[PDB]
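See structure below.
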Amino acid sequence: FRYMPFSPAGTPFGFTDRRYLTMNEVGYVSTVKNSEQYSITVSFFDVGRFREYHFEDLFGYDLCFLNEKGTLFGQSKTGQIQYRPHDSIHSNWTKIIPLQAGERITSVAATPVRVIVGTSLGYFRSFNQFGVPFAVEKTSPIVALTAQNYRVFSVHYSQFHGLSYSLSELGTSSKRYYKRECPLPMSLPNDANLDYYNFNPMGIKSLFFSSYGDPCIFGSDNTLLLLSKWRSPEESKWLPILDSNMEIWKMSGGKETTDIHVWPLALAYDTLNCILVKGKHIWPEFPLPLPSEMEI
Amino acid sequence: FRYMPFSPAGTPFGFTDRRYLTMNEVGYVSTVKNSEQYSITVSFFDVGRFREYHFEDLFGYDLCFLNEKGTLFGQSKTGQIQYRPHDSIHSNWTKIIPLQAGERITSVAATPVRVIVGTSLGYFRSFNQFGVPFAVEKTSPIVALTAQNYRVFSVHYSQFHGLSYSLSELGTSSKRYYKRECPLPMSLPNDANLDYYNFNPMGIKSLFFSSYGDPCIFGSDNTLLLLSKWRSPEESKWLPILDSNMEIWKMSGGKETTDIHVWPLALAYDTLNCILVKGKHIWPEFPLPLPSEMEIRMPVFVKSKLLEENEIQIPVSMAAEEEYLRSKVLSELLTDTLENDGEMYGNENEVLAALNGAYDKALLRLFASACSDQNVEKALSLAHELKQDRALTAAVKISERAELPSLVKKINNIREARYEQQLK
Amino acid sequence: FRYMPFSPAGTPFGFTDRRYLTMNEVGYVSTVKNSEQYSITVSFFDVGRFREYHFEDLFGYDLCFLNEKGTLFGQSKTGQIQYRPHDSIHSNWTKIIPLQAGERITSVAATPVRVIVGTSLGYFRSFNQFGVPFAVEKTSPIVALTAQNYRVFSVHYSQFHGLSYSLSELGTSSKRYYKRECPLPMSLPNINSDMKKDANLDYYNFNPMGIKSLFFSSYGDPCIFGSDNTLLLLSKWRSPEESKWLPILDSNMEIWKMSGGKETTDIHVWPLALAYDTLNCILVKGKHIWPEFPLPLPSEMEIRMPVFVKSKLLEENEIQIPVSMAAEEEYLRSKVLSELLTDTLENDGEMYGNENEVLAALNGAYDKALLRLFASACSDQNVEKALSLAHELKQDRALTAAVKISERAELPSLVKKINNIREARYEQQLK
Amino acid sequence: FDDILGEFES
Amino acid sequence: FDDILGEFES
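Protein chains in written order, with the working numbering: chain A, 295 to 590; chain B, 107 to 530; chain C, 424 to 854; chain D, 2 to 11; chain E, 2 to 11.
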């Protein structure tokens with residue numbers, strides 16, 4: 295089994311020289327292979343709110359996480375990371391993560407007050423928004439990370455029972471677990487879109503917290519799974535609150551079209567922010583379509 | 107899957123007729139093939155306290171556990187155990203553990219007040235130091251055991267979960283779980299040392315309670331894992347607090363070696379007691395070298411960056427970061443110990459005070475660097491993490507010299523905010 | 424993994440046309456293939472109390488549960504259940520449990536006041552004795568259920584966690600958990616390659632988990648009996664952090680002792696119930712490990728702590744047990760039963776009306792067995808071990824007996840130390 | 002010690 | 002800043 299570098303709603307290069315590193319309701323980040331290095335572009339959907347920019351990537355970042363305050367970049371093999379605040383008032387900072395032989399960064403995530411790095415050996419490294427290390431934890435091998443404020447939602451892989459998830463709060467006191475490596479009821483991937491499942495074997499298209507604090511995951515079955523009542527152990531269940539396959543079929547009048555695919559961005563209370571993809575590929579290309587909204 | 111008899115820091119025979127049964131800070135126990143029987147030797151590192159002795163093993167003990175008051179011996183197949191107090195004042199006693207078909211004893215442990223036996227069928231049998239049984243329990247299959255006073259740290263294995271662990275206390279009245287079969291994030295073994303992994307499939311070189319009572323484990327990745335916050339079920343975390351591979355790399359002046367290995371004995375506060383094995387195999391030989399000491403270090407050092415700055419010398423700024431983390435972790439652990447169990451050795455209160463001192467000191471060096479780089483925001487965040495009011499004061503003075511008036515006002519806000527809380 | 428319909432002490436058809444649906448201390452329920460239908464017979468062990476009856480099963484019930492007031496029948500595939508009160512006071516009732524595609528009923532259970540149904544998707548459906556439904560709950564896939572009064576003991580299985588169990592009470596309004604999906608350390612069956620032509624292979628195709636039966640004890644403690652033929656009892660279930668599974672009977676070892684220290688292959692135990700300290704069972708003589716027709720009379724097997732070794736039992740020799748070695752087991756057993764019973768009385772009070780005398784006799788047996796160990800320790804001049812044994816004594820009058828034993832053994836330092844225990848307890852008694 | 006043991010039983 | 006740091010150490 296291979297531990298591929300993961301980012302929310304990221305796309306593979308395919309036959310092209312460009313792809314999206316990550317993608318959500320805030321904006322989209324892309325990288326382009328040029329003559330000798332890479333070129334990273336950070337764009338936003340609310341152009342009135344944030345300044346789009348680009349820079350030369352001498353390192354070749356393949357990991358990325360985006361929020362409303364900054365963008366986090368990661369290089370899976372050298373363990374290099376960089377955080378760029380959206381506002382010029384705040385300084386960028388760079389840091390190298392220690393990696394043992396064969397160890398790769400598999401996922402990164404950030405909030406206004408936290409930076410998270412996960413590895414294939416199960417190292418969980420946390421920082422504040424300025425780079426100061428807060429803790430180093432040993433867990434099961436990490437394959438996917440996401441975060442909201444002080445909460446963290448992590449997906450792990452075990453040789454024995456496969457995919458599991460943990461849910462925790464990185465408060466000021468100490469990291470508290472609400473869920474500790476519990477079963478992840480998500481269907482693994484079962485062709486033109488071959489490059490994608492080579493790029494993301496676990497088929498997790500994206501994952502995120504809802505606007506009201508609930509962990510969401512979006513797999514290859516194209517169903518938005520919501521974890522409700524995670525504060526209470528005796529009643530925490532995963533809800534399939536959206537089968538995007540059904541909603542597409544309804545929008546098509548009742549005709550099964552294999553042209554349209556949903557690309558998850560966020561969950562904002564009542565709607566699923568997404569990208570409706572038209573084409574042979576199930577992942578969006580260039581240019582990026584306008585963000586759509588789907589009722590729950 | 108075949109369960110192998112486990113003992114802390116035990117070694118395999120290899121191509122010889124002798125091996126170490128078990129090994130820790132108290133001493134080492136070896137067994138030699140004597141034709142059809144065995145010759146067991148019990149040695150001590152403090153030659154003053156106890157006297158090295160030997161005896162003839164007519165049973166073929168392959169399980170052992172050594173503490174400061176006695177030695178426990180076990181035979182995995184027949185189920186015969188023996189406890190031998192170090193002093194001649196107390197008598198030896200022998201017992202035979204009942205074993206079903208295919209059931210093996212997988213691990214034994216003993217404290218001055220408890221004797222523990224674990225089996226492959228998950229039978230958990232406990233006794234007092236005299237062999238009086240307390241209760242037989244059924245759990246998941248046990249692969250490794252350690253104990254300290256009345257507390258037991260047990261490692262379990264299934265075909266479902268993989269490795270898990272339990273943490274319990276064997277009180278006067280009943281058995282209580284702090285942690286029950288939680289995930290054990292120790293890396294499994296993924297060759298010249300194949301004899302060892304046939305001898306120890308899990309790759310658990312050793313496991314033990316720290317001197318201050320925190321569970322530790324040392325796997326084939328040669329990383330010391332310590333369990334933090336185990337008194338709070340929802341807050342418990344395994345912390346990597348020593349990459350021994352990296353320390354050896356630093357000791358060798360940034361050079362990759364293949365002939366130096368670490369064999370874990372115990373953790374005493376901030377220092378790993380161990381054997382430095384020089385040779386082809388990764389386990390110690392005969393005669394056993396003198397124990398070494400390896401100070402624990404947070405795994406935040408990068409080889410490539412350590413090379414650029416050049417035994418390896420460490421840049422004061424990078425060293426301050428690790429010292430901050432290390433002080434932070436040790437302080438949090440020790441405080442938790444004192445807030446719940448109190449003292450054990452008599453110097454914990456002084457250790458904690460010095461610890462917090464080292465913490466703020468390293469933190470202030472980071473604050474200085476941030477001020478030197480005109481990074482007011484990062485400097486303020488560092489200031490928030492300070493402990494002593496005297497450290498906040500020093501931070502103010504540093505901000506003043508650095509000519510950062512906006513920083514001074516915000517730090518003085520922290521001081522007044524704390525003084526205000528002091529008025530409640 | 425294939426979820427199979429489970430019932431307590433149920434047997435497979437095997438190579439015959441009849442089998443037992445379920446079986447306990449109340450009686451047994453059998454089904455016979457009647458051409459295209461089935462003939463179900465409900466029999467009882469107290470022939471005085473209840474009257475054996477039978478009826479024609481046009482549905483193919485493969486699930487059953489028997490209690491003292493009625494019988495519950497289940498059909499794993501169609502989801503049809505039926506409750507049949509023994510007495511004519513209340514009428515039978517039938518229900519159809521909703522089942523999704525591929526969802527089967529895996530286990531049913533009934534008390535005089537509760538009816539419970541578990542499915543392979545983990546749906547937990549409960550009713551009262553008249554079929555009035557409670558809230559529907561979603562849990563882990565259920566493989567086995569048992570119940571007693573208002574309390575339910577459920578076993579769950581995934582490919583993720585393995586075996587777990589839950590312990591709950593079905594109150595007037597809602598379900599409340601004593602224990603929620605804790606680890607269930609029951610040994611699973613280890614099926615070999617020479618089992619494909621084994622005579623008993625049929626049972627593990629019928630019952631993959633190997634759970635021969637499970638039940639509450641007469642005093643209300645959960646028990647389970649797996650393929651390793653060891654009776655496991657759950658202790659301290661009212662205290663989540665203290666809950667432990669205790670092996671309190673190795674029936675293989677008892678049969679070995681019954682056979683005069685001889686290994687047999689034709690004697691097997693089929694568990695019915697646990698009554699205080701005694702396992703109600705069927706002794707199955709034959710090639711198969713499950714009972715067949717006609718059914719033998721129930722036997723009784725006293726529980727024994729698994730602390731006896733075959734090799735040591737042979738040297739001291741039906742097998743006779745050395746009084747000193749027998750004392751260790753009796754101490755352990757009394758210790759366990761006393762601790763269990765004390766917890767029962769302090770929380771639930773009496774149920775039958777004689778428990779306090781039972782507990783009183785229990786504590787008596789405890790100190791007595793303990794004093795025999797104390798005597799042996801004194802004979803070997805082992806003052807340290809004797810003192811440790813003395814500390815475990817309960818009654819102050821037992822401390823007295825220890826002093827007298829110490830005096831005769833001429834161990835004056837021990838006497839003073841035991842009298843210190845008496846004084847130390849007197850001091851704590853005033854606080 | 003059999004006589005002392007018997008005394009406790011009754 | 003070594004003088005302030007040194008001042009804090011003692």
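Note that the Cβ used here is the ideal one computed from N, Cα and C, for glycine as well.
Check                                                                                                                                                                                 : Outcome
Given this structure, state the Cα-to-Cα distance separating residue 481 of chain C from residue 338 of chain B, to the nearest angstrom.                                             : 56 Å
Name the chain E residues whose beta carbon is nearer than 7 Å to that of residue 470 of chain B?                                                                                     : 6, 9
Is DSSP giving residue 522 of chain C helix, strand or coil here?                                                                                                                     : coil
If you compare alpha carbons, which of B/457, B/288, B/493, B/307 is closest to residue 469 of chain B?                                                                               : B/493
Within 9 Å (strictly less), CB to CB, does residue 450 of chain A reach chain C?                                                                                                      : no
Would you say residue 545 of chain C reaches chain B, if we count a Cβ-Cβ gap shorter than 9 Å as a contact?                                                                          : no
To the nearest angstrom, report how far apart residue 529 of chain B and residue 374 of chain B are at their CA atoms.                                                                : 40 Å
Could you pull the DSSP bridge partners for residue 248 of chain B from this structure?                                                                                               : B/262
Start and end of the beta strand (DSSP E) containing residue 334 of chain A?                                                                                                          : 332-338
Using a Cβ-Cβ cut-off of 9 Å, state whether residue 508 of chain B counts as contacting chain E.                                                                                      : yes
If you reduce the DSSP assignment to three classes, tell me which class residue 224 of chain B lands in.                                                                              : strand
Which residues does DSSP pair with residue 369 of chain A in a beta bridge?                                                                                                           : Looking at the DSSP assignment, residue 369 of chain A forms no beta bridge with any residue, so it has no partner.
For residue 426 of chain B, which residues in chain E fall below 7 Å Cβ to Cβ?                                                                                                        : Here the premise fails: no neighbours, minimum Cβ distance about 10 Å.
Which residues, taken in chain order from the segment 600-614 of chain C, show a beta carbon closer than 7 Å to some beta carbon of chain B?                                          : 606, 608, 610
Is residue 535 of chain A helix, strand or coil by DSSP?                                                                                                                              : strand
Would DSSP call residue 570 of chain C helix, strand or coil?                                                                                                                         : strand
Given this structure, state the Cα-to-Cα distance separating residue 782 of chain C from residue 309 of chain B, to the nearest angstrom.                                             : 48 Å
In chain F, which residues lie less than 8 Å from residue 802 of chain C when you measure between Cβ atoms?                                                                           : Note that chain F does not occur in the displayed structure, where the protein chains are A, B, C, D and E.
Specify the secondary structure class of residue 141 of chain B as computed by DSSP and reduced to three states.                                                                      : coil
Helix, strand or coil for residue 504 of chain A? Go by DSSP, reduced to three states.                                                                                                : coil
Pick helix, strand or coil for residue 802 of chain C, following the three-state DSSP scheme.                                                                                         : helix
Cβ of residue 693 of chain C within 9 Å of Cβ of residue 705 of chain C?                                                                                                              : yes
Per DSSP, residue 242 of chain B forms a beta bridge with which residues?                                                                                                             : B/231
Is there a C-beta anywhere in chain E that falls below 9 Å from the one on residue 493 of chain B?                                                                                    : no
Would you call the CB atoms of residue 554 of chain C and residue 266 of chain B closer than 9 Å?                                                                                     : no
Who does residue 658 of chain C pair with in a DSSP beta bridge?                                                                                                                      : C/667
Rounding to the nearest angstrom, what Cα-Cα distance links residue 565 of chain C and residue 109 of chain B in this structure?                                                      : 30 Å
Within its chain, find whatever has a CB closer than 7 Å to the CB of residue 535 of chain A; leave out the 5 residues flanking it on each side and keep chain order.                 : 518, 520, 590
Residue 10 of chain E to residue 4 of chain E, Cα distance in whole Å?                                                                                                                : 10 Å
Which residues in the same chain as residue 444 of chain B place their Cβ atom closer than 8 Å to its Cβ, once the five residues preceding and following it in sequence are excluded? : 454, 455, 458
Taking C-beta to C-beta, are residue 449 of chain C and residue 468 of chain C nearer than 9 Å?                                                                                       : yes
Would you mind stating whether residue 400 of chain A and residue 355 of chain A have Cβ atoms separated by less than 9 Å?                                                            : no
Report yes or no: is there a C-beta of chain B within less than 9 Å of the C-beta of residue 280 of chain A?                                                                          : Outside the displayed span of chain A (295 to 590) sits residue 280 of chain A, for which this structure offers no information.
Would you mind sorting residue 176 of chain B into buried or exposed? The rule is 16 or more other CB atoms within 10 Å of its CB.                                                    : buried
At a CB distance below 8 Å, what residues from the segment 551-577 of chain C approach chain A? Give them in sequence order.                                                          : 561
Throw me the rounded Cβ distance for the residue 533 of chain B and residue 437 of chain B pair, which I believe falls under 8 Å.                                                     : Nothing in the structure corresponds to residue 533 of chain B, since chain B is present only between 107 and 530.
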